[PDB]
Every structure is written in structure tokens, then in C-alpha cells.
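Everything on this sheet refers to the single structure shown next.
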Amino acid sequence: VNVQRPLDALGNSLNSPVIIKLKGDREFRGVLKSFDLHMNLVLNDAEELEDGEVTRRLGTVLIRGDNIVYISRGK
Amino acid sequence: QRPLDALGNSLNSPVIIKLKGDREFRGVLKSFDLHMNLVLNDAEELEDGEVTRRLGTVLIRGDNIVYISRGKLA
Amino acid sequence: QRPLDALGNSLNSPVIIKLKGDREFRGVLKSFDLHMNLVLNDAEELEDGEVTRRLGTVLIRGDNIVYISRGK
Amino acid sequence: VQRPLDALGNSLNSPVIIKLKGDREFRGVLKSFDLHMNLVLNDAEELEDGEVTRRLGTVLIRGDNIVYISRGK
Amino acid sequence: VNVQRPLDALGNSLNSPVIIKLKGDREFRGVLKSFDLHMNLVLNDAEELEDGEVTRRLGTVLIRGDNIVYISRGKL
Amino acid sequence: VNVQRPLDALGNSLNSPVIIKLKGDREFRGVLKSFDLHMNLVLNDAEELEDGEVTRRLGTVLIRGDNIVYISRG
Amino acid sequence: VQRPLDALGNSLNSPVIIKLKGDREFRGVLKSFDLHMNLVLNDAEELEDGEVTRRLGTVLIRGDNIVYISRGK
Ligand SMILES: [Cl-]
Ligand SMILES: [Cl-]
Numbered sequence: 001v002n003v004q005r006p007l008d009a010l011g012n013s014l015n016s017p018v019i020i021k022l023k024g025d026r027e028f029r030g031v032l033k034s035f036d037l038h039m040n041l042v043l044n045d046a047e048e049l050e051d052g053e054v055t056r057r058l059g060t061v062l063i064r065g066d067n068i069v070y071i072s073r074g075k
Numbered sequence: 076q077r078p079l080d081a082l083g084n085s086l087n088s089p090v091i092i093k094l095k096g097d098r099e100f101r102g103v104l105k106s107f108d109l110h111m112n113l114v115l116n117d118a119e120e121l122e123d124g125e126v127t128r129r130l131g132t133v134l135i136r137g138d139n140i141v142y143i144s145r146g147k148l149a
Numbered sequence: 150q151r152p153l154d155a156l157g158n159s160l161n162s163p164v165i166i167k168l169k170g171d172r173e174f175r176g177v178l179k180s181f182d183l184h185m186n187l188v189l190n191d192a193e194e195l196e197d198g199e200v201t202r203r204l205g206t207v208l209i210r211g212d213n214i215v216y217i218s219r220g221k
Numbered sequence: 222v223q224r225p226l227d228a229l230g231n232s233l234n235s236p237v238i239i240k241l242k243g244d245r246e247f248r249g250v251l252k253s254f255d256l257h258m259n260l261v262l263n264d265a266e267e268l269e270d271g272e273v274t275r276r277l278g279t280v281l282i283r284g285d286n287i288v289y290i291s292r293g294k
Numbered sequence: 295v296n297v298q299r300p301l302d303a304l305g306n307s308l309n310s311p312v313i314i315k316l317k318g319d320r321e322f323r324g325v326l327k328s329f330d331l332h333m334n335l336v337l338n339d340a341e342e343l344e345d346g347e348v349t350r351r352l353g354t355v356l357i358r359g360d361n362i363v364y365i366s367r368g369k370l
Numbered sequence: 371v372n373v374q375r376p377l378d379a380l381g382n383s384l385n386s387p388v389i390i391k392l393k394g395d396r397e398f399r400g401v402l403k404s405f406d407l408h409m410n411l412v413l414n415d416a417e418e419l420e421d422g423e424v425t426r427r428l429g430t431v432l433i434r435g436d437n438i439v440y441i442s443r444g
Numbered sequence: 445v446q447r448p449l450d451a452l453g454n455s456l457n458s459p460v461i462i463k464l465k466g467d468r469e470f471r472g473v474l475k476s477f478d479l480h481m482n483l484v485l486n487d488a489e490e491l492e493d494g495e496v497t498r499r500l501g502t503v504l505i506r507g508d509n510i511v512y513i514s515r516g517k
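Residue numbers (this note's numbering), protein chains in the order written: chain R, 1 to 75; chain P, 76 to 149; chain U, 150 to 221; chain C, 222 to 294; chain H, 295 to 370; chain B, 371 to 444; chain A, 445 to 517.
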């Protein structure tokens, strides 16, 4: 999309499964349902991963953008 | 429906707050602001899934929050 | 909305201030700004629930606060 | 005299190297970026001391965690 | 003190000895000479402390507010 | 120079070799090509050192000022 | 009446000691500084345990790392 609008890539993932990598190495998987300029975001049917192992099924969750390291598409 | 707008849909509901450093909280959300500072009623701290201290009503600065989820009353 | 506008209700009441690092304070909230910087009279710095120091009047920077709860 | 973020502009659609705090490393084609250096990479790959550790495809990296960005091969 | 003006209490400690706690469990004592909006301070006759005992004499020093955890005056 | 414009010093190093010292102690050396008010900067023919021994040659690189502790002449 | 940043101004061109987070320490002549306290030292020297460890000549220090500034030497 716009080379000045990197958050659009997030819009290109609305209702899709994403992978949230947090500072401290924590990982989160779920369906992106929204986000804002601060990258705060809402995940649906989100699950907390550890070394690739689900360790917590939270359901819907709001993640503060400040903690995010990266967001990538996943299955 | 921007992220914070979700918190509104949880006002007066039991939520679970996860803080930096792996500290966790549980209580009924009564208010919040854009910075995600928030007030919890009948709150209580948790460690490894077991309550460690009941703090009743408490104000949490959003800066320390990692995520917030839906919870249940016991 | 009103988290801040709910701290005022404790103005002149005993509060507990938990900080990053687990250091905690107890005392009478006397004033605060929107950044959560606040003043405590008859303050006490605690550890493990044990009074570590009697500070009297103290100004704490909000930036180090984790949470504040209504004391007793 | 192009300031810091222009040199970034000259790498648009070129492979780059992003080095994060905590020493984690990434490689991928730079697709976009903002003033905060929040950026997007396509064909992204995370590295383990010069050894590919994970293929991420398209990824959005928050600038705050970045240390430096270098040109790629 | 004004319920919305915490820094006021700093104004009340001017030219009065104070205790400054910094991030990293470090401490300093001295006489408050000036402070600004960000809690940057200037202490006269300052001293760094550790375990309650002096670690170093610094004289006049300018402390950046950001490193401050809390500022204590006395107790009356 | 201007006792009010410390970044003027950076201006004086444009196209000269500098030593960038980062948080965590990492260290970079290269030729300063440009910078902004946040001290974000570009270096040509840059190299990452370790205890005085270059351990990586990055050529042109963009360093976020945020990680910088200090910058010296080389 | 004096304000921190202005008092700093009182030390332009005199020796000052800059103490940083991590406990690294530098000494040199204050040559310039802005509101963020990013500043410049001429004849700068980093110390460790109280003994010079390296002479860095002119150096630009980011205020963000600064804990305190004191009149030294
Ligand atoms: Cl929620
Ligand atoms: Cl001074």
C-alpha cells in the first residue's frame, strides 16, 4: 500500500490470523479484529504461546501496542 | 470499533489484567481512560493462578499493562 | 474517563502506592496531577509488609507507580 | 543533504537488515515505513547468529524496538 | 497544598534538606535549591548514600527528574 | 559553538569518522552522513566493534538515536 | 530563583562531571546543551573506579542517559 502508511498492512489482515511477538519473548496468536494508530489491538480466540506450544486460551484480548515487537501473518 | 472502544463493552464486567513482569490482576472494571489507566473493584493479585492478595478497589496505570481479557466471578 | 477523577475521592484518605520493583508506600494522599505524581503525608516505605522508613511528607513520581489502592 | 529517513526511502523495495534490541535480527524487503520507523517487510526471515530461524512472510516491525537498519544482499 | 499541584511541595522544601530516591535503589541527600516542571533538581552540599551511609560527597549537583522515584523532606 | 545547539557538534562531523557508543555497550564506527533532531543517523562504511575488535561490517547503516549514549570523533 | 537548566548555563566552559545510568562517568568541559540535556564536552574523559579509561576529546552526550551533572575537577 502506501510506503508511508505501514499500519495499512494491519488492515490487510483484519479478520485474519496474526502472530503477535511481545517484548520479553512472549507470543500471541489470534484473529485481528481491530487496532489503532498506537498499534493497540484486539484479538479474538487468542492464545498465548511458548516455544511454539499453546499455554493459555484467553478468548478475546486487548493488547497494548507498546509491548509489541512485531506482527506477522500466521495460520 | 477501535481497541479501546472494546473496553467500554466490558465496563462493570469482570476482567483479567496482565502486567509487565508477569504480575496479574482480576476485578470488575469500573472505568478507564485513553492511556488505559483503569479502576478495578473487588480486585485481587494473582501468582501462577492463585490469589495472593485482595485489594478491593484499585487504580492501575495503563503503562504497566500488557493485555486485558474477559474474566468470570467465582 | 474518570480513573483520575476517582483518585480525588481518596484525597485526604489513606492510600497504598505500589511501585515498579515491588517497593511500596502507605500514607495520606494530599495531592496529585494528571501524571499521577502525588504527595503523601505521614508516609511509610514498606517491604514484605514491614515498615522500612518513616518519610513524613513525600512527593512520588507517577511514572514509577504500578497501582494505587484505597488503604484502611 | 538527505536526512536520516530519506536514506530509508532509497531502500524501498530493496532487501534490508533490521537489528532489534535484544540482538534479534531480521531480513526482508522493505515495503513501507513511518516517522516512528514502524516498518513492513515482505519475505521476512528472523536470524540466529547468521542462521535463518523463522520465515515470517509479511511482517510489521515497531520502530521503537529497532537499533539499526542496514542495506541487504 | 493545592490538590492538583504536587510539585508545589517541592517549592515548600526549597533551601531545606531533602532525600531523593532514584531508580536502581540509589539515594541522595542535600539542600533543594531549585526544581522545574520535570522534577529536575539542583541540590547544594549533596551526598550520595548507600545502606544509609555516605558513599560520596558531590557538592552542587543537577539531578534529572526522570531518574527520581520519590522526594522526601522530613517528618516534623 | 552555540552553547544552545549541542547538535551543532554533529554538524561539524558531517563526512568524517565518528564513534557511536550505544546502550548495552555495543559500539559503531563509520563516516557520518546525516542526522536529525532525534540523533537518528546514517553512517557509511560502518562496522560494529567488540572490546576494540571489529566484528561486523555493515557498510551503510541507519542508527536510531534513541539507543545512543554518546558520539565521538574517530 | 534560578531554574535547573539555567544553573547548568552557569557552568558553560568549566569542568563538569556527568554521571550516567549504568554508572559510567565522564569528565570534561561543558561546551553546549539543550533543553533535553544532550550536551557537549571538550577534553572529555570516561572514568571507571575513579581512573581515566579513555580520552574522547569532544563528545556529544544524549541527555536521556544522564542521572546527574556536577561541577568537577
Ligand atoms: Cl476485553
Ligand atoms: Cl550544576
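We put the beta carbon where it would ideally sit given N, CA and C, even for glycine.
What would DSSP say about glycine 137 of chain P, mapped onto helix, strand or coil? DSSP places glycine 137 of chain P in helix when its eight states are reduced to three.
Within 7 angstroms of any Cβ in chain C, is that where the Cβ of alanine 46 of chain R sits? No, because no Cβ of chain C sits closer than 7 angstroms to the Cβ of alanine 46 of chain R.
DSSP three-state label for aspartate 45 of chain R, please. In the structure shown, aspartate 45 of chain R falls within a strand segment according to DSSP collapsed to helix, strand and coil.
Does the distance between the C-beta of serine 88 of chain P and the nearest non-hydrogen atom of ligand 1 fall short of 6 angstroms? Residue side-chain check: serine 88 of chain P keeps its Cβ at 6 angstroms or more from all non-hydrogen atoms of ligand 1.
Please report whether the beta-carbon of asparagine 259 of chain C lies at a distance below 7 angstroms from any beta-carbon of chain R. At least one chain R Cβ lies under 7 angstroms of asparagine 259 of chain C.
Quick one: which chain P residues come within Cβ less than 8 angstroms of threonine 60 of chain R? Chain P residues near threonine 60 of chain R: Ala81, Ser144, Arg145.
Helix, strand or coil: how does DSSP classify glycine 318 of chain H here? Taken through DSSP and simplified to helix, strand or coil, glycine 318 of chain H comes out as coil.
Which residues in chain U have a C-beta closer than 8 angstroms to the C-beta of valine 297 of chain H? List them in chain order. By Cβ distance, chain U contributes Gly157, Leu160, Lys179, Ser180, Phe181.
When the cut-off is 7 angstroms and only beta carbons count, does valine 54 of chain R lie next to chain C? Not one chain C Cβ lies under 7 angstroms of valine 54 of chain R.
Where does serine 34 of chain R fall in DSSP's three states? In the structure shown, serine 34 of chain R sits in a strand (DSSP, three-state: E or B).
Going by DSSP, what residues sit across from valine 312 of chain H in a beta bridge? BP columns for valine 312 of chain H point to H:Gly324.
Between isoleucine 209 of chain U and chain H, is the shortest Cβ-Cβ distance under 7 angstroms, so that the two count as touching? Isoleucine 209 of chain U belongs to the set of residues whose beta carbon lies under 7 angstroms from a beta carbon in chain H.
Can you name the residues of chain H whose CB is closer than 9 angstroms to the CB of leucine 168 of chain U? Chain H residues near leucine 168 of chain U: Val363, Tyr364.
Quick check on the DSSP output: the alpha helix (DSSP H) that includes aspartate 80 of chain P runs from which residue to which? Element bounds for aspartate 80 of chain P: 79-83.
May I ask you to list the residues that DSSP assigns as paired with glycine 429 of chain B? Answer by DSSP bridge pairing, in chain order: B:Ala416.
Could you tell me which chain C residues have their CB closer than 7 angstroms to the CB of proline 6 of chain R, listed as they occur along the chain? Against chain C, the beta carbon of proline 6 of chain R has neighbours under 7 angstroms at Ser253, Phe254, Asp255, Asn259, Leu260, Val261, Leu281, listed in chain order.
Using the beta-carbon count (16 or more within 10 Å), is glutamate 272 of chain C buried or exposed? With fewer than 16 other Cβ atoms within 10 Å, it is exposed.
Please tell me whether, using a cut-off of 6 angstroms, the distance from the CB of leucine 356 of chain H to the nearest non-hydrogen atom of ligand 2 is below it. For ligand 2, at least one heavy atom lies less than 6 angstroms from the Cβ of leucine 356 of chain H.
Backbone secondary structure at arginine 145 of chain P - three-state DSSP: Here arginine 145 of chain P sits in strand by DSSP.
Neighbourhood of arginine 57 of chain R by C-beta, 7 angstroms cutoff - its chain only, sequence neighbours within 5 removed: Here the set comprises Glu47.
Which residue wins for smallest C-alpha separation from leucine 183 of chain U, given the options H:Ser307, H:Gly359, H:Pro300, H:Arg358? Checked all of H:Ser307, H:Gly359, H:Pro300, H:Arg358; the closest Cα to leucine 183 of chain U is H:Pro300.
beta-carbon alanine 451 of chain A near ligand 2 non-hydrogen atom, thresh 6 angstroms: At least one heavy atom of ligand 2 lies less than 6 angstroms from the C-beta of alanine 451 of chain A.
Taking 6 angstroms as the limit between beta carbons, can you name the residues of its chain near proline 387 of chain B, skipping five residues before and five after? If we look at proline 387 of chain B and ignore the five residues flanking it on each side, its Cβ neighbours are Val401, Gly444.
In three-state terms, what does DSSP make of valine 424 of chain B? Note: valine 424 of chain B maps to strand in three-state DSSP.
What does the alpha-carbon distance come out to for the pair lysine 95 of chain P and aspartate 285 of chain C? Going by the C-alpha atoms only, they are around 17 angstroms apart.
Take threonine 206 of chain U and list the residues in its own chain whose beta-carbon comes closer than 6 angstroms to its own, dropping the five residues that flank it on each side. Within the same chain, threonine 206 of chain U has close Cβ partners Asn190.
Integer Cβ distance of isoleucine 68 of chain R from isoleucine 19 of chain R, believed to fall under 8 angstroms: The beta carbons of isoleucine 68 of chain R and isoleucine 19 of chain R sit about 11 angstroms from each other, so the pair does not count as a contact at 8 angstroms.
Buried or exposed by the 16-neighbour rule on C-beta atoms within 10 Å, applied to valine 261 of chain C: By the neighbour-count rule (16 or more Cβ atoms within 10 Å), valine 261 of chain C is buried.
In whole angstroms, give me the CA-to-CA distance for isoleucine 441 of chain B and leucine 456 of chain A. Straight-line Cα distance between these residues: approximately 19 angstroms.
I'd like the list of long-range same chain contacts for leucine 343 of chain H, defined as Cβ closer than 7 angstroms, with 5 residues on each side in sequence excluded. When the five nearest sequence neighbours on each side are left out, the beta carbons in the same chain lying within less than 7 angstroms of the beta carbon of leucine 343 of chain H are those of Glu321, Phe322, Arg323, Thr349, in order along the chain.
Report yes if the C-beta of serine 85 of chain P is less than 6 angstroms from at least one heavy atom of ligand 1; otherwise report no. The answer is yes for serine 85 of chain P.
Assign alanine 9 of chain R to buried or exposed, taking buried as 16 or more other Cβ atoms, counted over all protein chains shown, within 10 Å of its Cβ. The residue is buried, with at least 16 neighbouring Cβ atoms inside 10 Å.
From residue 34 of chain P to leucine 208 of chain U, what does the alpha carbon distance come to, in whole angstroms? Past the edges of chain P, shown from 76 to 149, lies residue 34 of chain P, and the structure says nothing about it.
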